[PDB]
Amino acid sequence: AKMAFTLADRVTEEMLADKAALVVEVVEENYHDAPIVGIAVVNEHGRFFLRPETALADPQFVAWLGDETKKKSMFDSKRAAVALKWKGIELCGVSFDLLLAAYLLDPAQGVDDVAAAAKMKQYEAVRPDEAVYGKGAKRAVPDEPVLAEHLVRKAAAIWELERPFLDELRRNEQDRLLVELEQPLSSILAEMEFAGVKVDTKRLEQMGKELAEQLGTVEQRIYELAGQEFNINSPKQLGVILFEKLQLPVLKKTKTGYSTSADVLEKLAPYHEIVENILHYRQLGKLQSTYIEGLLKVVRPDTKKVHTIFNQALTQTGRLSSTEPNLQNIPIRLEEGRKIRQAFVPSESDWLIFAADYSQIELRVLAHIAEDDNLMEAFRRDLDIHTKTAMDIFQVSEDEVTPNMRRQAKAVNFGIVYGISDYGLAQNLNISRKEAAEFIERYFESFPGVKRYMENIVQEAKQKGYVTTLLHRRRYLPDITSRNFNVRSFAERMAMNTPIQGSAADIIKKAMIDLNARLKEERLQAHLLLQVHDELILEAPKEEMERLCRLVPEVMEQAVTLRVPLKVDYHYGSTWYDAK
């Protein structure tokens, strides 16, 4: 049942039609400066397989690749685009990306290869990449006959599937979402990943030595307090010391033993001095292993830059994820960890890091979607939302709001966005269900619009089978009808949260597209480096800071128009840490 195709030894005119399914295969998971093992082109004239050495050296082919008028349909065009950027070749004219199309149609499918997307439309004349390349150690590029066959079948699948996918996207009112949001963003993410972020490796290594020193001290202190040595990083060995040798109370159990999570340890601190030391060890050890050593392992030795890969088709809510390294979870909450950011520096001398972040975008989005009068007014007055919530749920004036009252109102606001639950709020604020329930009840009394939204959105998820975001992203919630309380409740929380987190994702994605257009129009050298859900990190000549101070916030604030204003704070400095 082999598929017919030409194993070309040279590029020909018919291979450069103005519309084609293109496969520029990069097998290495991390495509940065990675090899392109083969190329397949399927168009009106037939199916072709070209060896990369040949194709990429052919002037006509490279010109075809960069010609925006020559339209290409692909799967994960960003992967190809970045791999090509590393070879100094521009990819343009990608009008359809099956990966992104599949992702928008149903994020839950976990589509990560052409075969998975094709299976959505009962097309199975293509093999899963894992079947062809294997995984782990067994992973390898098969001989040309097998490789060529696979790439051609993928291009053929893309060629056949474009119409049906676009048709369904259109029915879902997601056609613009793909064409005007995700696909253009893909090119922006490609530029960001390729540009990378410069790392001050000397600073990291210095912090590592200081940490190693402190860690040794705390480590020895722990052995001294426990009366023996053991693997502190072993929750099993640690559990024996804590709950057996030291007789500390067992307040929380895990699935396979005693729990030793930070939340549990905090409660045990009053009983033994060893606890605070374990907590300190946990903090320093996390920085050392994950942010000092982990980061140093992925820094390109030549450029000293880290090139993350933003997975644009993974999260169930529309957010991006970041890997190798993850640049969306660099420490900031605790000062010791926050200093890690001093290692992220501008890529050129006399340039600076500029960071802009939305202030409470999720709650502003909630105010908009729920049309809660009280909540919308609060933002229209740009009030401290946590103090305002405390004032309302505890019924007091601003001056009567104590720090603990704001702390709890803050916790309530988080729960509301995540899918409020008396049990959940209880565990978080360490109080009884009855108490937590009363807080939630008080919240809804003050924000009836939000209560109505939470009730209505769950009902809608059940009626339609899914929930949507501001820009029409969708997430199916089949569990919304489960007769199992736990399974159903999780789906209900997703119904409440997805439109919020998802709409916030839509907004910043459009902001990125709008920003890049503005930067180009102004011919600024400034460029995006990272996106961390509700913030954009750029770098630019120190001479562009004043213009960026006005331009970036405005573009982000004007990405979409809501019933409440969007507010963006911004800072800049010599390092990411200093952009505060």
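Sequential numbering from 1, following the sequence displayed. Just so we're on the same page, rigid core means the largest C-alpha set that superposes within 1.5 Å between forms.
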{"query": "Outlying stretch relative to shown form, 403-411 versus 245-253 in 8 other deposited structures of this protein, C-alpha RMS (core)", "finding": "245-253"}
{"query": "Farther-lying stretch by C-alpha RMS in 8 other deposited structures of this protein (rigid core fit) among 340-348, 254-262", "finding": "254-262"}
{"query": "Given 502-510 and 406-414, the range whose Cα B-factors average higher in the PDB entry", "finding": "406-414"}
{"query": "Between the two ranges 272-280 and 421-429, the one averaging a larger CA B factor in the entry", "finding": "421-429"}
{"query": "Given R442, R127, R341, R488, the residue at which the Cα B factor reaches its maximum", "finding": "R442"}
{"query": "Per the PDB entry, maximal CA B factor within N456, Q214, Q174, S186", "finding": "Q214"}
{"query": "Cα B factor band for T54 (lowest, middle or highest third within the chain)", "finding": "highest"}
{"query": "Chain thirds of CA B-factor: placement of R170", "finding": "middle"}
{"query": "Third of the chain's Cα B-factor distribution that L327 belongs to, per the entry", "finding": "lowest"}
{"query": "Modelled-residue ranking by C-alpha temperature factor, third containing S321", "finding": "lowest"}
{"query": "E44 CA temperature factor, ranked by third within the chain", "finding": "highest"}
